[PDB]
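So basically every Cβ, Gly included, is an ideal-geometry build from the backbone, and we count neighbours across all protein chains shown. The numbers here are math on the coordinates, done by the rules we state, and not lab data.
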């Protein structure tokens with residue numbers, strides 16, 4: 001259960017994204033990997049840029 | 001933790017056993033012995049293992065090249081001993097020793113091609129010198145000239161170096177029996193160590209070019225199979241498995257595919 | 001048959017398995033394991049514990065120190081490799097390159113100076129940076145290699161040495177392109193093996209000193225509690241258990257308490 | 001954008017003449033860009 005709280009806390013830390021965007025596939029796949037990090041001193045901005053470039057990779061029409 | 005494909009519990013142990021004790025078996029050529037590459041099969045014909053054995057052999061060649069680049073010892077020791085003999089003994093004999101030649105020819109025949117020599121004619125000049133010091137005129141057996149009791153053992157040592165360049169030994173020039181003294185023992189040591197050095201480096205570059213050619217070969221097949229589907233996990237596995245690779249890229253890429261193992265396993269159909 | 005005072009067969013199996021696998025598990029330190037001391041406790045609560053856990057810990061610290069002094073690996077192989085790299089390369093290149101042969105290694109002379117190593121590693125940092133680049137800007141790398149892909153692995157290896165000085169591994173070097181040709185051994189491997197050697201010896205002296213101080217403390221407590229009883233076998237047990245101990249004597253003292261185990265168990269209430 | 005120093009000694013024919021310890025200094029603008037007209041909107045995000 002504690003892992004879900006970590007996922008949701010990281011979701012609000014990234015952008016304050018709404019659960020509606022949490023259901024998005026790019027989020028649905030990467031939130032678990034962002035869970036096994038950000039417990040370190042790494043950054044908050046790095047995760048925003050990572051989500052940016054991954055969401056971009058996802059949408060190549 | 002030691003990533004492999006949809007693969008069983010016996011073949012994981014056999015692969016990890018081979019890749020761990022890669023140093024001790026002879027003839028390390030993964031191409032030449034087929035007991036491993038045919039073993040890393042998924043099974044059930046062709047349909048249920050084509051893309052999966054493609055990924056699994058990709059991992060196999062990649063970690064073979066990884067353990068190569070992680071486990072090859074330093075050959076610059078044997079080139080250091082080549083520089084020690086070549087510099088100290090023979091130059092002092094040719095100049096300080098007397099009645100030999102001139103500065104420009106001999107000293108630069110030794111000095112030339114410090115880096116990356118494959119030269120046989122320089123070796124032939126030293127073999128002609130030591131043969132002139134010795135008994136006979138022709139150049140039949142020049143490496144330990146005037147004695148053939150060790151020729152088969154030293155050819156066996158060079159063939160064993162070609163087989164397993166990772167575990168190599170230097171035999172020796174024996175002390176009590178010799179045609180001439182310190183000079184001819186220095187020359188025989190110098191020529192054998194030069195042949196050993198160029199043998200180890202050529203066999204190593206052969207295996208490294210083989211492993212890189214196989215990895216770049218399997219990437220195109222893996223990309224051609226994975227290109228068609230349009231799922232996000234599919235195209236992410238496409239990009240991870242289409243990252244370009246070099247020999248100094250392979251270690252970090254193994255660490256990347258370790259963390260990305262959990263997504264491409266689901267991305268495979 | 002490793003006799004323990006009043007314990008369950010489960011707890012005896014715990015302690016015997018702990019001392020059989022002391023070399024294998026990580027963090028070899030008795031203070032780090034709470035379950036070992038809490039499995040050393042005796043039944044029927046604090047009335048039994050106040051006299052018998054003292055003797056039980058007094059057995060366990062002695063046997064910890066005994067298998068500690070018994071299972072010591074020989075640290076002279078890694079100092080032999082230090083002297084190999086040191087004497088073969090770092091003196092001879094100074095003699096070749098005319099750096100007047102500064103004898104900091106001959107200042108150490110011995111594995112008796114666990115001090116005076118860090119200044120020599122800083123001098124080796126200056127040498128490695130000098131031989132890699134002619135700028136001689138004195139820089140602040142931890143290792144002369146300037147290789148940062150494996151500095152984390154070397155630090156993990158040194159922390160593993162700190163945890164398990166009984167079982168250690170040594171981390172070799174790579175060869176795609178070397179900064180120092182053969183000198184990566186003396187410059188980098190010499191710094192790594194020196195830090196490894198001094199870290200193993202400091203961890204060893206730390207654990208052995210802690211074990212002896214705890215044994216002296218348990219002697220003081222146990223004799224203070226058995227001082228009261230004036231029976232004949234009681235003061236016999238006092239004369240057995242009051243004997244002052246140095247680390248050299250603990251093997252013979254364990255051989256004493258094996259034979260006297262049958263009567264001091266009766267002498268305890 | 002990062003600044004990088006470059007310490008380099010010269011070609012060996014110029015290294016010879018009591019110039020062995022010379023150490024040219026080159027500053028190379030890593031991952032920046034040339035600029036030719038004064039940026040107005042993005043003054044917050046661009047350093048000259």
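Calculate, in whole percent, how much of the Cα-Cα pair population of chain A lies beyond 17 Å.
Across chain A, Cα pairs with separations above 17 Å total 34 percent.
How would region B:75-211 be classified by its alpha-carbon gyration tensor: rounded, prolate or oblate, with rounded meaning a/c under 1.5 and the a/b versus b/c comparison settling the rest?
It comes out oblate by the Cα gyration axes.
What is the helix-to-structure angle for B:182-226, meaning the angle in degrees between its Cα long axis and the longest Cα principal axis of chain B, kept from 0 to 90 and rounded to the nearest 10?
20 degrees
With labels modelled as points extended 7 Å from the Cα through the Cβ direction, what inter-label distance (nm, one decimal) is found for residue C:204 paired with residue B:132?
5.7 nm
Defining a contact as two alpha carbons under 8 Å apart and six or more residues distant in sequence, what relative contact order in percent does region B:51-146 show?
12 percent
Under Stokes-Einstein, with the Kirkwood radius over Cα pairs standing in for Rh, what whole-number D in µm²/s applies to chain B at 37 °C and 0.692 mPa s?
Translational D for this selection: 149 µm²/s.
Dividing the convex hull volume of the Cα atoms of region C:136-269 by its residue count, what figure in Å³ per residue is obtained?
Spelled out: Cα convex hull of region C:136-269, divided by residues, is 161 Å³.
What percent of all Cα-Cα pairs in region B:1-127 falls in each 10 Å bin, counting up from 0?
So the P(r) values, bin by bin, are 10, 29, 16, 13, 15, 11, 5, 1.
Determine the shape class of region B:207-269: with a ≥ b ≥ c the square roots of the Cα gyration tensor eigenvalues, call it rounded for a/c under 1.5, and otherwise prolate if a/b is greater than b/c, oblate otherwise.
oblate
Give me the inter-chain shielding for B:70-76: mean count of other chain Cβ atoms within 10 Å, whole number please.
Partner-chain Cβ atoms within 10 Å, mean over residues of B:70-76: 5.
Which value, in Å to one decimal place, does the Kirkwood hydrodynamic radius take for region B:111-169 when every pair of different Cα atoms is included?
After inverting the pairwise mean of 1/r, the radius is 13.4 Å.
Compute the long axis of helix C:232-241 from its Cα atoms, compare it with the longest principal axis of the Cα atoms of chain C, and write down the angle in degrees, 0 to 90, nearest 10.
0 degrees
Need one number: convex hull volume per residue for region B:138-198, Cα atoms only, in Å³.
87 Å³
What distance in nm separates the two pseudo spin-label positions at residue C:249 and residue A:15, each 7 Å out from Cα along the beta-carbon direction?
That separation, rounded to one decimal, is 7.5 nm.
Each label point is 7 Å from the Cα along the Cα-to-Cβ direction; what then is the distance between the points at residue C:149 and residue C:107, in nm?
Computed distance between label sites residue C:149 and residue C:107 equals 3.6 nm.
If you average the sequence gap of Cα pairs under 8 Å that are 6 or more apart and divide by the length of chain C, what percent do you get for the contact order?
26 percent
Only helical DSSP H runs with n ≥ 4 go in: add -39500 (n - 2.57) per run for the protein assembly as shown, normalise by residue count and round the 222 nm mean residue ellipticity to 500 deg cm²/dmol.
Only helices count here, giving -17500 deg cm²/dmol.
What are the nm distances, shortest first, from residue B:20 to its equivalents in the other copies, labels at 7 Å along Cα→Cβ?
In nanometres, ordered from closest: 2.1.
Could you pull the copy-to-copy label distances for residue B:104, with points set 7 Å along Cα to Cβ, in nm to one decimal and sorted shortest first?
The projected label point of residue B:104 is separated from its counterparts by 4.4 nm.
Would you compute, for the Cα atoms of the protein assembly as shown, the largest minus smallest coordinate along each principal axis and list the three values in descending order, in whole Å?
Result for the protein assembly as shown: principal-axis Cα extents of 100, 81, 64 Å.
Suppose a student asked you for the relative contact order of chain A, using Cα pairs under 8 Å spaced at least 6 residues apart; what percent would you report?
Relative contact order here is 39 percent.
Roughly how tilted is helix C:118-132, in degrees to the nearest 10 and between 0 and 90, from the longest Cα axis of chain C?
Orientation of helix C:118-132: about 30 degrees from the principal axis.
What are the distances, in nm and sorted shortest first, from the label point of residue C:37 to the label points of the same position in each other copy, with each label point placed 7 Å from Cα along the Cα-to-Cβ direction?
List, nearest first: 5.9 nm.
How long is the gain from residue C:8 to residue C:118 if the chain were fully straight, where each residue apart is worth 0.36 nm and the alpha carbon distance is subtracted?
34.6 nm
To the nearest whole percent, what portion of all C-alpha pairs in region D:1-46 is separated by more than 16 angstrom?
In whole percent, the share of Cα-Cα pairs in region D:1-46 beyond 16 Å is 59.
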